[PDB]
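> once you've seen the sequence and the experimental structure below, I've got questions.
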Amino acid sequence: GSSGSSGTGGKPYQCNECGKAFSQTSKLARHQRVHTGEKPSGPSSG
Ligand SMILES: [Zn+2]
C-alpha cells in the first residue's frame, strides 16, 4: 500500500492538455477550443 496522490484533487477543471488555469470556468470552456479534436468512444462500465 503506497501513500501518494495522482487524481485525488488538484486540477478538476484546470486545463491539463497544456496546463493553463482560469479565474472562471466560463473563459476556460472557450480555452478548450485550442484543443479541438475528435474522440469517438462507446459506453463502457467496469
Ligand atoms: Zn489548454
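Yep, it's here. Residues are numbered from 1 along each chain as shown.
> check which helix or strand covers residue 37.
Using DSSP states H and E, residue 37 falls within no helix or strand.
> for it, grab the count of nearby residues.
Counted with other CB atoms under 10 Å, residues neighbouring residue 37 total 5. In this view, the C-beta of every residue, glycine as well, is placed from N, C-alpha and C.
> look up how far the ion lies from it.
When distance is defined by CB to the ion, to the nearest Å, residue 37 is 12 Å away from the ion.
> look up how far residue 24 lies from that residue.
24 Å (CB to CB, to the nearest Å).
> which stretches of the protein form strands?
Using DSSP state E, no strands are found in the chain.
> got the residues of it near the ion?
Contact residues, the chain versus the ion (CB under 5 Å from the ion): 15, 17, 18, 20.
> quick check, residue 28 in contact with residue 13.
Yes. Between residue 28 and residue 13 a contact is recorded at 6.1 Å, counting by CB atoms under 8 Å.
> so those two - more neighbours on which side?
Per other CB under 10 Å, whichever of residue 28 and residue 13 has more neighbours is residue 28, with 15 against 11.
> contacting residues around the more buried one?
Residue 28 makes contact with 13, 14, 15, 21, 22, according to CB atoms under 8 Å, 6 or more residues apart in numbering.
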